[PDB]
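All remarks here apply to the structure that follows.
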Amino acid sequence: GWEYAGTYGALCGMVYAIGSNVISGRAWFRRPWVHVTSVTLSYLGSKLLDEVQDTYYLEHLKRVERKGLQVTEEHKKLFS
Amino acid sequence: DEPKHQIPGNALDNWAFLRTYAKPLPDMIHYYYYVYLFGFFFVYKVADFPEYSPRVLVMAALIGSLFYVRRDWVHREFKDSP
Amino acid sequence: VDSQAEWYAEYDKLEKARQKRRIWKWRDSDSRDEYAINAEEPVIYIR
Amino acid sequence: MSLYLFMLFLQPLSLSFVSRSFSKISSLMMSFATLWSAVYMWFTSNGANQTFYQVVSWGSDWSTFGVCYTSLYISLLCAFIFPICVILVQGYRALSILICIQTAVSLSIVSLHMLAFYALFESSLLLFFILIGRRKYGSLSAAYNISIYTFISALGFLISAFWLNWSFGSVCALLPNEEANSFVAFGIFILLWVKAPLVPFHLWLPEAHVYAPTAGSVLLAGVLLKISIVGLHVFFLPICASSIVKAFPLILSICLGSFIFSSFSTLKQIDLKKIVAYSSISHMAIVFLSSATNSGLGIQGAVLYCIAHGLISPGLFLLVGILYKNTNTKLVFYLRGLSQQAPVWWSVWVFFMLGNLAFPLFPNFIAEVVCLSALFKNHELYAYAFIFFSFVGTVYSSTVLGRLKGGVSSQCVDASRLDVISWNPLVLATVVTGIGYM
Amino acid sequence: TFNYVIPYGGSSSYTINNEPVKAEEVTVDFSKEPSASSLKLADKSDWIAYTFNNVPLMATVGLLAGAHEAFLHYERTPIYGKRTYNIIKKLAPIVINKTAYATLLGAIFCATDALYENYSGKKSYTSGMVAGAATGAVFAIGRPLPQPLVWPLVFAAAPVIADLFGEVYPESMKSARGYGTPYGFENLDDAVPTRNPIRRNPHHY
Amino acid sequence: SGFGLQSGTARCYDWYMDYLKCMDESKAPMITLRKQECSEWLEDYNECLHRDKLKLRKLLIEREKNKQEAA
Amino acid sequence: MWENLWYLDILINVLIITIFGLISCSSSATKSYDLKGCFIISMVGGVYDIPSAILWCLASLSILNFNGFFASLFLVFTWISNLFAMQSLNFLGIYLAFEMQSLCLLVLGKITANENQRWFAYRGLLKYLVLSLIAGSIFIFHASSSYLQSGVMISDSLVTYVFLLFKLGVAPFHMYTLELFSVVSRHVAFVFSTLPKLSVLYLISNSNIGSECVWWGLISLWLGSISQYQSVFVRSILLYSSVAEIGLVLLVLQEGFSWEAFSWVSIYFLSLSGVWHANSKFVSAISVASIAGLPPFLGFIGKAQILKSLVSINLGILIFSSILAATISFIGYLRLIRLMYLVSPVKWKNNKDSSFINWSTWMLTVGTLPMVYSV
Ligand SMILES: CCCCCCCCCCCCCCCCCC(=O)OC[C@H](COP(=O)([O-])OCC(O)COP(=O)([O-])OC[C@@H](COC(=O)CCCCCCCCCCCCCCCCC)OC(=O)CCCCCCCCCCCCCCCCC)OC(=O)CCCCCCCCCCCCCCCCC
Ligand SMILES: CCCCCCCCCCCCCCCCCC(=O)OC[C@H](COP(=O)([O-])OCC(O)COP(=O)([O-])OC[C@@H](COC(=O)CCCCCCCCCCCCCCCCC)OC(=O)CCCCCCCCCCCCCCCCC)OC(=O)CCCCCCCCCCCCCCCCC
Ligand SMILES: CCCCCCCCCCCCCCCCCC(=O)OC[C@H](COP(=O)([O-])OCC(O)COP(=O)([O-])OC[C@@H](COC(=O)CCCCCCCCCCCCCCCCC)OC(=O)CCCCCCCCCCCCCCCCC)OC(=O)CCCCCCCCCCCCCCCCC
Ligand SMILES: CCCCCCCCCCCCCCCCCC(=O)OC[C@H](COP(=O)([O-])OCC(O)COP(=O)([O-])OC[C@@H](COC(=O)CCCCCCCCCCCCCCCCC)OC(=O)CCCCCCCCCCCCCCCCC)OC(=O)CCCCCCCCCCCCCCCCC
Ligand SMILES: CCCCCCCCCCCCCCCCCC(=O)O[C@@H](COC(=O)CCCCCCCCCCCCCCC)COP(=O)(O)OCC[N+](C)(C)C
Ligand SMILES: CCCCCCCCCCCCCCCCCC(=O)O[C@@H](COC(=O)CCCCCCCCCCCCCCC)COP(=O)(O)OCC[N+](C)(C)C
Ligand SMILES: CCCCCCCCCCCCCCCCCCCC(=O)O[C@H](COC(=O)CCCCCCCCCCCCCC)COP(=O)(O)OCCN
Ligand SMILES: CCCCCCCCCCCCCCCCCCCC(=O)O[C@H](COC(=O)CCCCCCCCCCCCCC)COP(=O)(O)OCCN
């Protein structure tokens, strides 16, 4: 779906690490290991959320085609 | 010293008015029990009510809101007297 | 900088998004009780 | 466009990584760099592309950003006035709040999606509730006023945006949609009615300006009032023209009543910031009515007069803040002899007050001429009504100037080098626009 | 338009009309039509009949309000202490007076509404405003100074809100669908449905 | 359940199953329409449950018998 | 026999974890993290769809912040009851599941109270018990009348609709929440004001329990907003917010918008997590902003789903009421922000047990842009 999901996920992992440090009173650079872990897991999670969304989009397309919605080939191209 | 709002009324008279809220307080389960029971039966009866015009429904809601007495109002003003 | 191509590509993206949303808004009831509305859906009940 | 958006996102980002002692310097450099990026956006905006100079999308309808005539003027105005706000404000907390507010507001102007516009614009709701309700010099009542007014108007706008997204399937401006419904038109209109202070929904602006800090007041007057015209040109007139033409007598009634009663309410003010804040409300009505005519003259005149206001009222607010720092008073009756005591401050104060009275060598003159011409295109009486009651502004401005000018005073209260650096850009911009480089 | 030279929006030709095209091939409706009881109650032809049909709502609301207040009083009275006065003699006036005054206000409202509509001969906002104004005037007979103004205004404003959001609002947005092609724009290429979506069955509770 | 309290099925299980089978046969797009089409089977099921029509017939016979006896 | 195995595995799992905890009970591990992980693994065997996966997610996030084997075991009991509420096909399933959940609520409330807190906590539990007995007795009496009249037990009836109105906590049935959740532990109030609702929403959507009446959701909205604005204590503010929002969600769910209510319940769980488990002012501030529906956070998306569903059904009175009541509730939320940063110096307990609180705040801030497709 979204073509910018992984980049967003990496930035949001940075958000997690820095925010967790700031809330606890520590500086943003403290606990460096948390940064790498947060970035990697957040990137993977953002990707996975995107495929889940795409899969249920396609399931809905199949259902509506069964029901009688006359989707064209281009409309079928809209749902990857 | 700073300019301050004038407080209407005397200090002791206002305190006496406020002290009329210090009365024996019933527990709220007694009200809640009856409201729950009559509300259940009321919801059962509502499905059988005739369909009313939206204008009449709104006027009935307005009248109910105006007629509703806050529980504190009865608390301050209650007298165990005829 | 081909402004015409950028304009038409952006408009096409927005129009595709609108078409996808209106397809996404076509929803019948997914209730398990509702076998009439969903008669063609492939399902198995374990009950 | 992309550079401008990236720099707008970079400014709040930098605060997280700065040393907390370099925050002021880094914030000032970031503000100037954003101004330069806005100049670059103007450079890369070709007038050949008549509908939209630039459109960028980042993967969704919500992430669609674009610049037009109104958007480009308003974005350059905010990027111009932000550095002055940065220097006026001290402390990491205050810097963070003001940077987040500016990022949200500047992203709202270039947004082309009504829902994204709503999301970015109302993100600065608590930030003003905290800002105007700060510990010692803030008032909770004013913060409550502004927050509640914004919430109700923006929620109505949001409901209209939801209905449009359901019916058309899209709420982006670039997709042509027209609606004749009056409920949706009012839902979009109420936000404009409140945000552009229009009687009787103008009560929030005064209390907010008086109890906001000088940087906060500068931003509020400079660009947050102008967000109404971005919404009107971008999200109301394209789709809701039938309703504005249906309700034009009512629109004129409300606008001219706002002008007259705001002018009369200004006469009853003893506080300098309140005087400037009420002058702003009277000034907004001409803009709103000129745009509502839906003519070429009206739109251009409204955006021009917005630029003139966003160059004149920030200067008055800045001068009043400087005087309050020097004197710890805002009451006109305490302040006397300012001509003799502060000749340099008095000169700029008189210059900006002349600008607010729309004298020819000021941008307000050109802008007012264009707006009055649009009103005259609609009807003669429409222009005549506004032209006459402009005399009320002269009365209160002259009374304030006369009260401040002379008397006996034992205090030298004149501006320092920092203060003069603060207003020099505004004076230069005012002159340059006044000679016709609008 | 998004430019400073030509007016925003657009215009549609009044001479040119577009043939209606169905939103879907087969239409299945889950919205039930008004009942005969609703049409009977809505009928304002005979003002007495209209009043007597719609007052049970007002009497019911007055009875709940009086019961609420009477229970607030009853809850307070002490069971452990024997009371010289009779509690129901104390409590019955509350409920009876609340119900009676509510019924009287609702009767004025409905009667004035039906009488104005009959005399005018048209269904309009003004009937509701006048009936509400009369009801609010009856509310504030002997009340202090702001209340002679505020209650007629509030009671008149209530039917305006009821008309605006109960009748005008639904009828203004009947055509809008949300599926297939936009109601105005069928020329655009959107997925066209054989059948409309049924998100729920007709209700029966 | 319909299991029958002794063995077999409930006393009116088969009538209800007739009504359910008729609802299964129909092609109407909503359950409400399908029930409208199959109402007569439901009337059979209600007849087996409570025997109201037979009770009314017995009441009418008893009333006419009493009227004859009095005359 | 194979279809029965799927359900039987969950039992066997729970029993062996219970007996293992009973055998391995020691002071060395009062915080039994290992049994918590075992319970979380065991609850994966009950996931069959997306709503069941949401049930699992909320159940695990709840079990993280309960302390002890015993409370975690009763949270697992609540999860079992909720899983069967979703699968109930008639009156008996609904009844069995929901009063099992009520028993779990009573036990959890009793075991998380100190000796000094017994006088009020036990009173609130007793009042909740008596009100629940009223609701269940009326439900089962009308169910007996219906089963006699129709010969069958059908979960599409007015009786189950009113019983599920009591379970949701709407219009005249919200007082038990106010009395009980004011006097119980903050975690107990948090988990039993969010998790039970998902099963009721699933049951309503799947079994066609919808009514034409809009009075109850309207009453819930207006009463909740006005009482939230008039309530002095902070717990009552948060409790009345749920009444208003669940009334609005009830109005949306009756019209068949199941997807939006299933997203709203999850976003509401995440939003309420931070204010209830208040340890930091900033986390609570973001949580309160999210509950208000405020744009930069995920709470805006959840409220937007419900409001967007409202404009589709095109009921004007509901929309007008929604706007005004939303403003009234916003005043109370602003009271909450004012109390933290703008009234007096604030000092709180250093309860450094933010298991999923930081993750929830991160999810509220971050998740807006990924989920923007929904609205
Ligand atoms: C976005 C849109 C949204 C859509 C959906 C979103 C999706 C939603 C879900 C997404 C959720 C994301 C948000 C949540 C994020 C998760 C939270 C989090 O960040 O962690 C919390 C948690 C909090 O830690 P804490 O604050 O200290 O509190 C715990 C207490 O210590 C409590 O103490 P304790 O008793 O509990 O101790 C247990 C634990 C906690 O103990 C600790 O955490 C102490 C620190 C661990 C040791 C230090 C780690 C060493 C490597 C770190 C590298 C940092 C580089 C920076 C400096 C460069 C140095 C050259 O110990 C562990 O670390 C267990 C993990 C075992 C790994 C240990 C390291 C193994 C040796 C290194 C392996 C490979 C080395 C290669 C290169 C190494 C040099 C670069 O962090 C961890 O536990 C860290 C676990 C992993 C350690 C880092 C290992 C990374 C591997 C090295 C980098 C190689 C490249 C990586 C790719 C390849 C991988 C192999
Ligand atoms: C890969 C290579 C690396 C390159 C870098 C790329 C990485 C990408 C970004 C990563 C950067 C790290 C992010 C920062 C994390 C911590 C931020 C923080 O703590 O705030 C204050 C923090 C400084 O506070 P502090 O002095 O250190 O003390 C904080 C204490 O903990 C408590 O102090 P207190 O108790 O005295 O509280 C007083 C409070 C007064 O009380 C209040 O006013 C509370 C009001 C409620 C929240 C404010 C509502 C309005 C916020 C609008 C959002 C601002 C952006 C506007 C743009 C429109 C967006 C639609 O005043 C403030 O705290 C500051 C007021 C202004 C800040 C409000 C903005 C914070 C939003 C939420 C932060 C994120 C937390 C995530 C949690 C992570 C897990 C725990 O950061 C700043 O310097 C300014 C805020 C920077 C905002 C950026 C955060 C992104 C939020 C935008 C949402 C967009 C979605 C997210 C996408 C992000 C990009 C993927
Ligand atoms: C023997 C047992 C005793 C009970 C007998 C009845 C048993 C129940 C049987 C059946 C129960 C189901 C139906 C009853 C109503 C549902 C309420 C309920 O059950 O909740 C549980 C409730 C107790 O719950 P709680 O949580 O413990 O109390 C929360 C409060 O904070 C309580 O604390 P508080 O009392 O100290 O504070 C009260 C507060 C609480 O706030 C409320 O009462 C919210 C009510 C707002 C309206 C509710 C939604 C209306 C929608 C109705 C839908 C049907 C029509 C559809 C179309 C209508 C379109 C709007 O409101 C006020 O402050 C006083 C004003 C009251 C209305 C405020 C609105 C004023 C608007 C008028 C403007 C005119 C002024 C202009 C001039 C101003 C100058 C500047 O039990 C009852 O109160 C039942 C008493 C029954 C008396 C109601 C009388 C009329 C009923 C129908 C009229 C509908 C209007 C509602 C009036 C107020 C009702 C509360
Ligand atoms: C990796 C591939 C994943 C992609 C597809 C996933 C399907 C394959 C599942 C593979 C597993 C991956 C898990 C991902 C999803 C979980 C779903 C699932 O598992 O079941 C669904 C799947 C088939 O169900 P379905 O695909 O949903 O279709 C059925 C119908 O369509 C009826 O279902 P329906 O409800 O989806 O109907 C369509 C629906 C369309 O609904 C949708 O469009 C779905 C939208 C996606 C929402 C995703 C969020 C859901 C949160 C759940 C998180 C997952 C937790 C994982 C739990 C399982 C872990 C394995 O239309 C509706 O209108 C219904 C409303 C749906 C709810 C509304 C959605 C809102 C969700 C809340 C969002 C709010 C925001 C929260 C914050 C987010 C901010 C970023 O069942 C299975 O394949 C078998 C399940 C087996 C699970 C565990 C069994 C293996 C282990 C057994 C032994 C365990 C003990 C040993 C432990 C070993 C480890 C130590
Ligand atoms: C603390 C301050 C101390 C320093 C004081 C500075 C003193 C300032 C001196 C006053 C300057 C007066 C000059 C006024 C004329 C404006 C200059 C100007 O606009 O430049 C014109 C060129 O015109 C001139 O050079 C005018 C010649 C000026 C000298 C003529 C005689 C001087 C007598 C002054 C009378 C001017 C009255 C004009 C009233 C508007 C630009 O030409 P274009 O390329 O066509 O630009 C487009 C037009 N538009 C700007 C509208 C976008
Ligand atoms: C597409 C994703 C978007 C959708 C969102 C929903 C899906 C969620 C996916 C991500 C879920 C991440 C959940 C994060 C929870 C945070 C982890 C946590 O809570 O750890 C606790 C765990 O606490 C415990 O109680 C430990 C007991 C359980 C340990 C974990 C059990 C693991 C069970 C196995 C689960 C595997 C999944 C099974 C197969 C699917 C530790 O914190 P404390 O020590 O209690 O206090 C922290 C103190 N302070 C931070 C301030 C320093
Ligand atoms: C009394 C003076 C009027 C005050 C307004 C001053 C000027 C505002 C004009 C704004 C310009 C665009 C707004 C569109 C119309 C708004 C009001 C126009 C005046 C008006 O009320 O006309 C009514 C029609 O509009 C309607 O039926 C709807 C009225 C607006 C509804 C109010 C709240 C709506 C909130 C909806 C939120 C968003 C919902 C989106 C789904 C009735 O006039 P008539 O044609 O019936 O003639 C019958 C006379 N005999
Ligand atoms: C939220 C709206 C509530 C109204 C607020 C007004 C101020 C409250 C003061 C209370 C006064 C009672 C309410 C009267 C308002 C109606 C306006 C009067 C106009 C009028 O009399 O024309 C009627 C139609 O207007 C109508 O009755 C429909 C016009 C709809 C009212 C205006 C809607 C926009 C106003 C929003 C202003 C800003 C909102 C803040 C409150 C007659 O029409 P007819 O068909 O009967 O012809 C006659 C054939 N016999």
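Scheme for the structure tokens: letters A, B, ... for chains in order shown; per-chain residue numbers from 1; ligand numbers from 1 in order shown.
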Within-9 Å residues of ligand 6, basis only C-alpha atoms and all ligand atoms, as a PyMOL selection string: (chain A and resi 20+24+42+45-50+52) or (chain G and resi 31-44+53-54+57-58+60-61+63-67+266+351-360+363+367)
Cut-off 8 Å, only C-alpha atoms and all ligand atoms, neighbours of ligand 4 as number ranges by chain: A: 46, 48-49, 51-53, 55-57, 59-60; C: 27, 29-30; G: 41-54, 56-57, 257-267, 270, 298, 302, 363-364, 366-368, 370-371
Residues within 12 Å of residue C:8, only C-alpha atoms, excluding chain neighbours under 5 positions, as a PyMOL selection string: (chain C and resi 2-3+13-15) or (chain D and resi 55-56+174-175)
Those same residues, written as a CSV table (one decimal), in the first residue's frame with C-alpha atoms?
```csv
chain,number,residue,atom,x,y,z
C,2,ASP,CA,7.5,19.0,-16.9
C,3,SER,CA,4.6,20.7,-15.1
C,13,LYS,CA,-3.3,9.6,-8.1
C,14,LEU,CA,-6.1,11.5,-6.4
C,15,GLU,CA,-8.8,10.1,-8.8
D,55,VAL,CA,1.6,20.4,-6.1
D,56,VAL,CA,3.4,17.6,-4.1
D,174,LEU,CA,-7.8,19.5,-6.6
D,175,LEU,CA,-10.9,17.3,-7.4
```
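Considering only C-alpha atoms, the residue among G:168, G:318, G:105, G:153 positioned nearest to chain D is G:318.
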Residue among D:400, D:234, D:316, D:431 lying closest to ligand 5, counting only C-alpha atoms and all ligand atoms: D:431
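Computed from the coordinates, the atom 71 (C, counted along the ligand's line) of ligand 1 to atom CA of residue A:19 distance equals 23.9 Å.
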12 Å shell around ligand 5 using only C-alpha atoms and all ligand atoms, listed as a PyMOL selection string: chain D and resi 344+347-348+351+360-363+365-366+420+424+427-428+431-438
All residues 7 Å or closer to residue D:241, only C-alpha atoms, same chain fewer than 4 positions away omitted, as a count of residues only: 3
Within 8 Å of chain E: residues of chain G, using only C-alpha atoms, as a list in words: residues 157, 158, 208, 210, 211, 212, 255, 256, 257, 312, 314, 315, 316, 317 and 320 of chain G
Given the selection you just returned, output its residues as a file containing C-alpha atoms, formatted as a PDB file, in the first residue's frame.
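Ended up saving to again35.pdb:
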```pdb
ATOM      1  CA  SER G 157     -34.844  -9.843  20.512  1.00  0.00           C
ATOM      2  CA  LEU G 158     -35.546  -6.755  22.587  1.00  0.00           C
ATOM      3  CA  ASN G 208     -28.342  -8.372  14.481  1.00  0.00           C
ATOM      4  CA  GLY G 210     -30.246  -3.430  16.685  1.00  0.00           C
ATOM      5  CA  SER G 211     -33.162  -1.177  17.544  1.00  0.00           C
ATOM      6  CA  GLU G 212     -34.767   1.742  15.736  1.00  0.00           C
ATOM      7  CA  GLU G 255     -26.806   1.036  11.828  1.00  0.00           C
ATOM      8  CA  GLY G 256     -24.315  -1.708  10.929  1.00  0.00           C
ATOM      9  CA  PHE G 257     -20.927   0.061  11.102  1.00  0.00           C
ATOM     10  CA  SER G 312     -23.682   8.690   6.448  1.00  0.00           C
ATOM     11  CA  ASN G 314     -27.970  11.399   7.925  1.00  0.00           C
ATOM     12  CA  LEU G 315     -29.739  11.934  11.262  1.00  0.00           C
ATOM     13  CA  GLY G 316     -29.503  15.663  11.939  1.00  0.00           C
ATOM     14  CA  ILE G 317     -30.486  15.678  15.617  1.00  0.00           C
ATOM     15  CA  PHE G 320     -26.171  18.608  16.318  1.00  0.00           C
TER      16      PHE G 320
END
```
Chain C: residues DSSP assigns to alpha helix (DSSP H), reported as a VMD selection string: chain C and resid 3 to 24
Expected selection as a ChimeraX atom specification for ligand 3 within 7 Å, only C-alpha atoms and all ligand atoms: /B:31,34-35,38-39,42,54,57-58,60-62,64-72 /E:61-62,64-65,67-68,71,150,154 /G:171-172,174-175,215,218-219,222-223,226-227,317
Near-stretch 204-207 of chain D list (10 Å; only C-alpha atoms; drop same-chain fewer than 5 positions) as number ranges by chain: D: 132, 139-150, 194-197, 212, 217, 220-221, 225, 273-278, 280-281
Protein and nucleic acid residues within 8 Å of ligand 8 (only C-alpha atoms and all ligand atoms) as a ChimeraX atom specification: /D:186,190 /E:120,122-127,129,153-158,160-161,164
Got time to write the residues from that selection, N, CA, C and O atoms, as a compact mmCIF listing (two decimals), in the first residue's frame?
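result_4.txt, written as the output of this step:
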```txt
# COMPACT_ATOMS: atom_id res chain seq x y z
N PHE D 186 -22.92 25.84 5.87
CA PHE D 186 -22.81 26.44 7.20
C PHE D 186 -21.74 25.76 8.04
O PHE D 186 -21.06 26.42 8.84
N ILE D 190 -18.92 28.19 9.58
CA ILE D 190 -18.86 28.56 10.99
C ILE D 190 -17.41 28.70 11.44
O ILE D 190 -17.08 29.57 12.26
N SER E 120 -53.41 29.34 8.64
CA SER E 120 -52.49 29.69 7.57
C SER E 120 -52.71 28.82 6.34
O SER E 120 -52.62 29.30 5.20
N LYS E 122 -50.74 26.38 5.47
CA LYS E 122 -49.44 25.95 4.97
C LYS E 122 -48.61 25.40 6.13
O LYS E 122 -48.74 25.85 7.27
N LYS E 123 -47.77 24.43 5.81
CA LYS E 123 -46.81 23.91 6.78
C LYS E 123 -45.55 24.76 6.74
O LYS E 123 -44.91 24.88 5.69
N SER E 124 -45.20 25.36 7.87
CA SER E 124 -44.15 26.37 7.89
C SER E 124 -43.43 26.35 9.23
O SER E 124 -43.89 25.74 10.19
N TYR E 125 -42.28 27.03 9.26
CA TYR E 125 -41.56 27.23 10.51
C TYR E 125 -42.39 28.05 11.49
O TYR E 125 -42.30 27.86 12.71
N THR E 126 -43.18 28.99 10.97
CA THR E 126 -43.82 30.00 11.81
C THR E 126 -44.82 29.38 12.78
O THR E 126 -45.01 29.89 13.89
N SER E 127 -45.48 28.28 12.39
CA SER E 127 -46.41 27.63 13.29
C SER E 127 -45.71 27.15 14.56
O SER E 127 -46.19 27.39 15.68
N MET E 129 -42.81 28.26 15.77
CA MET E 129 -42.32 29.41 16.53
C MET E 129 -43.44 30.06 17.33
O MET E 129 -43.24 30.45 18.48
N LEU E 153 -38.43 32.88 23.72
CA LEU E 153 -37.37 32.67 22.74
C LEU E 153 -36.92 31.21 22.72
O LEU E 153 -36.77 30.62 21.66
N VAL E 154 -36.69 30.62 23.90
CA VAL E 154 -36.23 29.24 23.97
C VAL E 154 -37.30 28.28 23.47
O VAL E 154 -37.02 27.37 22.66
N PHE E 155 -38.54 28.45 23.93
CA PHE E 155 -39.62 27.57 23.52
C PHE E 155 -39.94 27.73 22.04
O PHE E 155 -40.39 26.78 21.40
N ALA E 156 -39.74 28.93 21.48
CA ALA E 156 -39.89 29.09 20.03
C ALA E 156 -38.72 28.47 19.28
O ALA E 156 -38.90 27.93 18.18
N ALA E 157 -37.52 28.57 19.84
CA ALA E 157 -36.34 28.04 19.16
C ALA E 157 -36.38 26.52 19.07
O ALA E 157 -35.84 25.93 18.12
N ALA E 158 -36.99 25.86 20.06
CA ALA E 158 -37.01 24.40 20.05
C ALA E 158 -37.69 23.81 18.81
O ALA E 158 -37.10 22.92 18.17
N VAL E 160 -37.95 25.19 15.92
CA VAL E 160 -37.09 25.50 14.78
C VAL E 160 -35.99 24.46 14.65
O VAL E 160 -35.69 23.99 13.54
N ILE E 161 -35.37 24.09 15.77
CA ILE E 161 -34.36 23.04 15.75
C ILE E 161 -34.96 21.72 15.32
O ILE E 161 -34.36 20.96 14.54
N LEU E 164 -35.59 21.92 11.56
CA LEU E 164 -34.38 22.06 10.76
C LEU E 164 -33.63 20.74 10.66
O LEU E 164 -33.13 20.38 9.59
```
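In this structure, atom CA of residue F:37 sits 11.1 Å away from atom CA of residue F:24.
Of the listed residues (G:362, G:242, G:339, G:321), G:321 comes nearest to ligand 7; the distances count only C-alpha atoms and all ligand atoms.
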